[PDB]
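The structure appears right after this line, and notes come after that.
Cβ placement follows ideal geometry from the backbone for every residue including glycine, while neighbour counts extend to all protein chains displayed. Values in this text are rule-based calculations from the coordinates and carry no lab data.
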Amino acid sequence: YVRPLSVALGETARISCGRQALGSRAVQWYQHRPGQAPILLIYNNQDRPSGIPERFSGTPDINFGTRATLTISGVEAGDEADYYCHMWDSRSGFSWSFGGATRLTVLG
Amino acid sequence: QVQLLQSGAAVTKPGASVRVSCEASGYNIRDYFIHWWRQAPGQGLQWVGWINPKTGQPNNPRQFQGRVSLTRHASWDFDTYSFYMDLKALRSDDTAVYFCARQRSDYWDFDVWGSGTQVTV
Amino acid sequence: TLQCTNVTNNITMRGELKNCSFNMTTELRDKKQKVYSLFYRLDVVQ
Amino acid sequence: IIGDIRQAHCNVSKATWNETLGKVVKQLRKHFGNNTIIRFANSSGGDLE
Amino acid sequence: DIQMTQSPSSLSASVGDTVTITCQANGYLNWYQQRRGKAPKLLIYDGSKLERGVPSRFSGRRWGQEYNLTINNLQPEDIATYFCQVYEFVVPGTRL
Amino acid sequence: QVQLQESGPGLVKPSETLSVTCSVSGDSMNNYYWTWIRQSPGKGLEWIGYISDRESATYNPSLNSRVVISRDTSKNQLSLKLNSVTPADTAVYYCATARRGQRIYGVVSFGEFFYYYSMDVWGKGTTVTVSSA
Ligand SMILES: *[C@@H]1O[C@H](CO)[C@@H](O[C@@H]2O[C@H](CO)[C@@H](O[C@@H]3O[C@H](CO[C@H]4O[C@H](CO[C@H]5O[C@H](CO)[C@@H](O)[C@H](O)[C@@H]5O)[C@@H](O)[C@H](O[C@H]5O[C@H](CO)[C@@H](O)[C@H](O)[C@@H]5O)[C@@H]4O)[C@@H](O)[C@H](O[C@H]4O[C@H](CO)[C@@H](O)[C@H](O)[C@@H]4O[C@H]4O[C@H](CO)[C@@H](O)[C@H](O)[C@@H]4O[C@H]4O[C@H](CO)[C@@H](O)[C@H](O)[C@@H]4O)[C@@H]3O)[C@H](O)[C@H]2NC(C)=O)[C@H](O)[C@H]1NC(C)=O
Ligand SMILES: *[C@@H]1O[C@H](CO)[C@@H](O[C@@H]2O[C@H](CO)[C@@H](O[C@@H]3O[C@H](CO[C@H]4O[C@H](CO)[C@@H](O)[C@H](O)[C@@H]4O)[C@@H](O)[C@H](O[C@H]4O[C@H](CO)[C@@H](O)[C@H](O)[C@@H]4O)[C@@H]3O)[C@H](O)[C@H]2NC(C)=O)[C@H](O)[C@H]1NC(C)=O
Ligand SMILES: *[C@@H]1O[C@H](CO)[C@@H](O[C@@H]2O[C@H](CO)[C@@H](O)[C@H](O)[C@H]2NC(C)=O)[C@H](O)[C@H]1NC(C)=O
Ligand SMILES: *[C@@H]1O[C@H](CO)[C@@H](O[C@@H]2O[C@H](CO)[C@@H](O)[C@H](O)[C@H]2NC(C)=O)[C@H](O)[C@H]1NC(C)=O
Ligand SMILES: *[C@@H]1O[C@H](CO)[C@@H](O)[C@H](O)[C@H]1NC(C)=O
Ligand SMILES: *[C@@H]1O[C@H](CO)[C@@H](O)[C@H](O)[C@H]1NC(C)=O
Ligand SMILES: *[C@@H]1O[C@H](CO)[C@@H](O)[C@H](O)[C@H]1NC(C)=O
Ligand SMILES: *[C@@H]1O[C@H](CO)[C@@H](O)[C@H](O)[C@H]1NC(C)=O
Ligand SMILES: *[C@@H]1O[C@H](CO)[C@@H](O)[C@H](O)[C@H]1NC(C)=O
Ligand SMILES: *[C@@H]1O[C@H](CO)[C@@H](O)[C@H](O)[C@H]1NC(C)=O
């Protein structure tokens, strides 16, 4: 079950997964192009690994009561991929599923 | 009327667990401590420990810690009690008779005692 | 009589809180409601 | 329960507790011998109170 | 600290005399009578105070750290074991 | 610097064994976790299990433990073993690593923490197709 999203050039992309956090969370954001290997973007809600520019950012886990949102400052035509939300919670136990994919489409 | 009922004798093996009962009926139990005494055949008495019937806090010497566990039980109407004494691991020299005393005042007056329960290993 | 289930999923304390549901009296004394509440382990017996 | 399931606890200073218990063992030796070994064990039983 | 001494280890005096047993101890001291295979019975407490139910032929007194138990007008049912009892320290008493 | 490259058989018959071998070079297996990721066309990524360093193998409970994996240092090769292949594995496999991250939210002495795994580096991978020909 994949949900679509249309973001044009110039503005930002705000991707938020549907899985809610029942406590302290540590989500993982991925990027998987069809045919290419998946790329890790965000781990521990703020950290970017080696090979990620200053384009993506995640919401930290401070003053719980908020949601998880992956903001993208700068849309690129090569970002026609799926963005997953691997939600790890303290009360949901072990998470074996990746959740759902948000197929971001770019216009123009 | 003030009587302390005593349970029957029991024969066990070295390494088992025993239980000696004591029932106080005809007085106000919560205002007087209940002690336990033990004497070997051929020797004098030996102190085992007391138990507060109001709270439940026991006391035991250094030679009895980890083995004896003093436990009391009260009824719903709080007129009669059931003081127990469970031994964890009986040795070979534990063949003796156990009593159930009752401290009256601060001079440690044990006016009423139990009938005695002799156990062997 | 209560119907208590556990709260914590990942066992290690698992069993401190109990999610008990029961039939409570309504303000109209001819119907009954099925409400739930959280109780500690020291307040419940089997 | 809005948030994490955690356990209630209490904290005391370990440096202050040894300093405080070091004075009680000094005053306890006035009613007993000078070279006695004073130990501290936990509770033996009873109800939860 | 509690110190105990029991010098009359054994005595087998006759009936009709006045025998006395002593034990030196600090603190409160009670006297008990114990038969063979039976439960002990309190005779006197606090050195000199008499317990209700005990006959009046039993008496005791103290002077410093010496407690005495006076036994006058002995009886054929008054031959048993007697020991003095500090709180958690009980010395093996003597028999008549 | 760790590089991953795997090769599969490509063809597989129904009710037959399955073995996909992944070759890894660049570094040893001292602190590197390993896992197997599956993705079928029409759905998202599917995690099936992982292997630890002390040979404690756990798998996805939604598959009822139909697979078993192993790895050794003498050959530097990790593989997968699957029996009774249901004809629904028309998918592509991925050979990726994992990192054991500890998220502490309460008292450490009371065990108020949970472990989370993140795949740092991935592999190219190959696809398999079950055919009745
Ligand atoms: C009674 O006594 C007991 C003790 O006996 C007390 O118990 C203690 O209780 C506290 C809280 O009650 C517990 O704390 C939480 O602690 C965790 C872990 O802290 C550690 O780990 C962090 C990460 O380590 C990583 O880095 C190190 C290298 O530094 C690396 O080796 C390691 O492998 C790993 O990669 C450390 O950063 C952290 O250091 C901190 O300590 C420094 C030294 O003391 C100090 O200088 C720093 O300023 C900093 O304080 C520590 O070693 C924390 O992670 C956790 O914080 C999170 O979660 C709660 C959940 O609600 C959230 O509200 C917090 O805001 C915080 O969220 C942060 O961290 C997440 C993971 O990194 C991140 O995903 C979040 O987005 C969030 O990020 C935010 O803010 C910080 C602010 O500086 C910022 O730096 C981040 O980048 C990020 O933006 C809790 O604080 C103890 O674990 C516990 N046990 C002990 C101490 O043994 C008890 O409280 C006492 N009770 C009473 C009543 O007194
Ligand atoms: C004062 O201080 C003392 C010593 O520091 C504490 O003593 C210990 O008390 C705990 C709590 O009862 C004991 O733990 C348990 O032992 C029971 C009996 O034991 C067997 O197993 C233990 C090891 O656990 C052996 O040492 C022992 O010889 C026996 O072979 C068990 O029945 C208990 O099991 C319970 O836990 C399991 C989970 O582990 C559950 O599945 C069970 O259903 C059950 O709930 C438990 O394992 C411990 O053995 C004691 N140690 C000693 C040296 O005596 C006091 O507790 C402490 N008092 C207070 C008030 O804090
Ligand atoms: C009221 O109910 C409680 C719950 O069972 C009774 O408590 C226990 O007594 C039994 C029998 O000795 C023990 O096996 C249990 O371990 C006791 N439970 C606890 C929590 O201590 C209690 O006895 C009942 N009241 C009366 C007067 O019988
Ligand atoms: C509240 O009361 C209802 C009945 O008024 C209980 O419902 C029944 O429970 C019995 C128990 O075995 C079942 O056989 C029936 O099928 C139940 N009927 C219905 C309509 O559910 C209910 O269990 C009570 N609630 C609790 C928490 O015990
Ligand atoms: C709750 O947890 C305890 C201990 O983990 C277990 O004994 C009990 O069976 C559990 N109850 C349910 C309904 O899962
Ligand atoms: C207790 O808390 C106060 C402030 O809330 C702090 O100043 C103090 O150091 C704390 N003491 C301990 C032992 O944690
Ligand atoms: C208490 O702490 C002090 C710290 O100087 C130490 O010297 C002492 O040995 C400690 N006491 C015990 C019983 O560990
Ligand atoms: C015990 O020690 C104290 C030190 O304060 C000393 O005054 C006292 O004389 C000592 N006792 C004996 C019997 O020496
Ligand atoms: C106690 O009796 C002994 C003899 O049995 C006697 O010598 C002593 O003076 C008596 N002491 C008191 C205080 O009566
Ligand atoms: C403690 O009891 C003894 C008798 O056992 C008595 O001599 C002493 O005076 C008592 N101490 C106090 C402070 O009352």
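In the set (1) surrounded by fewer than 16 Cβ atoms within 10 Å (Cβ to Cβ); (2) small (G, A, S); (3) more than 30 Å from D:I5 (Cβ to Cβ), the condition left unmet by F:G111 is number (3).
For F:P14, indicate whether it is within 14 Å of chain A (Cβ to nearest Cβ), of a type outside the set (G, A, S) and more than 18 Å from F:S79 (Cα to Cα).
Numbers: within 14 Å of chain A (Cβ to nearest Cβ): no; of a type outside the set (G, A, S): yes; more than 18 Å from F:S79 (Cα to Cα): yes.
Spelling it out, it is not the case that F:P14 is within 14 Å of chain A (Cβ to nearest Cβ), of a type outside the set (G, A, S) and more than 18 Å from F:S79 (Cα to Cα).
Of all residues in region F:58-71, those satisfying the criterion of being within 12 Å of F:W36 (Cα to Cα) and surrounded by 13 or more Cβ atoms within 10 Å (Cβ to Cβ) are F:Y59, F:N60, F:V67, F:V68, F:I69. When F:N76 is tested against the conditions (1) touching a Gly at 6+ places or on another chain (Cβ under 6 Å); (2) among the polar types (S, T, N, Q); (3) at positive phi, the lone failure is (1).
Screening B:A24, B:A40 for residues that are away from ligand 3 (no atom under 16 Å from the Cβ) and touching a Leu at 6+ places or on another chain (Cβ under 9 Å) leaves exactly one candidate, B:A24. Residues of region D:28-41 include at least one that is within 30 Å of B:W50 (Cβ to Cβ), among the charged types (D, E, K, R), within 12 Å of another protein chain (Cβ to nearest Cβ) and more than 16 Å from ligand 3 (Cβ to nearest atom).
For the subset of region A:94-108 comprising residues that are part of a strand (DSSP E or B) and over 14 Å from the mean Cα position of the chain (by Cα), which member is nearest to the other protein chains (Cβ to nearest Cβ)? Within region A:94-108, the match that is nearest to the other protein chains (Cβ to nearest Cβ) is A:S97.
Here the condition is being surrounded by 14 or more Cβ atoms within 10 Å (Cβ to Cβ) and within 9 Å of chain B (Cβ to nearest Cβ); of E:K49, E:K41, it holds for E:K41 alone.
Identify, from the list D:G46, D:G3, the residue that is in a loop (DSSP other than H, G, I, E, B), within 14 Å of chain B (Cβ to nearest Cβ) and either under 14 Å from the mean Cα position of the chain (by Cα) or surrounded by 10 or more Cβ atoms within 10 Å (Cβ to Cβ) (or both). Outline the logic, then answer.
Details: D:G3 fails: within 14 Å of chain B (Cβ to nearest Cβ).
Result: D:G46 is the single residue among D:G46, D:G3 that is in a loop (DSSP other than H, G, I, E, B), within 14 Å of chain B (Cβ to nearest Cβ) and either under 14 Å from the mean Cα position of the chain (by Cα) or surrounded by 10 or more Cβ atoms within 10 Å (Cβ to Cβ) (or both).
Has region E:44-53 got any residue that is within 20 Å of E:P76 (Cβ to Cβ) and among the acidic types (D, E)? The answer is no, given that none of the residues of region E:44-53 is within 20 Å of E:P76 (Cβ to Cβ) and among the acidic types (D, E).
Listed here are the residues, each with its yes/no results for (1) in contact with a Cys (Cβ under 9 Å, 6 or more places away or on another chain); (2) crowded, with 17+ Cβ neighbours inside 10 Å; (3) within 13 Å of chain F (Cβ to nearest Cβ); (4) not in a loop (DSSP other than H, G, I, E, B).
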site: A:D61; (1), (2), (3), (4): no, yes, yes, no
site: A:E76; (1), (2), (3), (4): no, no, no, no
site: A:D79; (1), (2), (3), (4): no, yes, no, no
site: A:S92; (1), (2), (3), (4): no, yes, yes, no
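Summed over region A:63-93, residues that are within 13 Å of the chain's Cα centre (by Cα), of a type in the set (S, T, N, Q) and within 14 Å of ligand 1 (Cβ to nearest atom) total 1. Hey, among the residues in region C:31-46 that are farther than 30 Å from F:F113 by Cβ and within 12 Å of ligand 4 (Cβ to nearest atom), which one's nearest to the chain's Cα centre (by Cα)? My answer is C:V35. Does A:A68 meet the test of being out of contact with any strand residue (DSSP E or B) (no Cβ under 6 Å at 6 or more places or on another chain) and either facing chain F (nearest Cβ under 9 Å) or within 24 Å of D:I1 (Cβ to Cβ) (or both)? Criteria met by A:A68. From the list E:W31, E:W63, the lone residue that is aromatic (F, W, Y), more than 10 Å from chain B (Cβ to nearest Cβ) and either under 30 Å from D:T36 (Cα atoms) or loosely packed, with under 11 Cβ neighbours inside 10 Å (or both) is E:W63. Listed conditions (1) in a loop (DSSP other than H, G, I, E, B); (2) away from ligand 8 (no atom under 15 Å from the Cβ) are all met by D:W17, apart from (1).
Which fully enclosed strands (runs of 3 or more DSSP E) of region B:1-116 have 2 or more residues being touching a strand residue (DSSP E or B) at 6+ places or on another chain (Cβ under 9 Å) and within 16 Å of ligand 2 (Cβ to nearest atom)? Steps first, please.
Working: elements: B:4-6, B:22-24, B:34-39, B:45-51, B:68-74, B:81-87, B:96-100.
Passing ranges, in order: B:68-74, B:81-87.
Kindly indicate the residue of region E:16-28 that is buried (at least 16 other Cβ atoms within 10 Å of the Cβ) and within 13 Å of another protein chain (Cβ to nearest Cβ) and also nearest to ligand 6 (Cβ to nearest atom) among those meeting that condition. Only one residue fits best here, namely E:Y28. With the requirement that a residue be within 9 Å of another protein chain (Cβ to nearest Cβ), assigned to a loop (DSSP other than H, G, I, E, B) and touching a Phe, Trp or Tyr at 6+ places or on another chain (Cβ under 9 Å), what does region A:1-26 give you? Across region A:1-26, the qualifying residues are A:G23, A:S24, A:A26.
Within region D:6-27, being away from ligand 6 (no atom under 13 Å from the Cβ) and within 14 Å of another protein chain (Cβ to nearest Cβ) holds for D:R6, D:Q7, D:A8.
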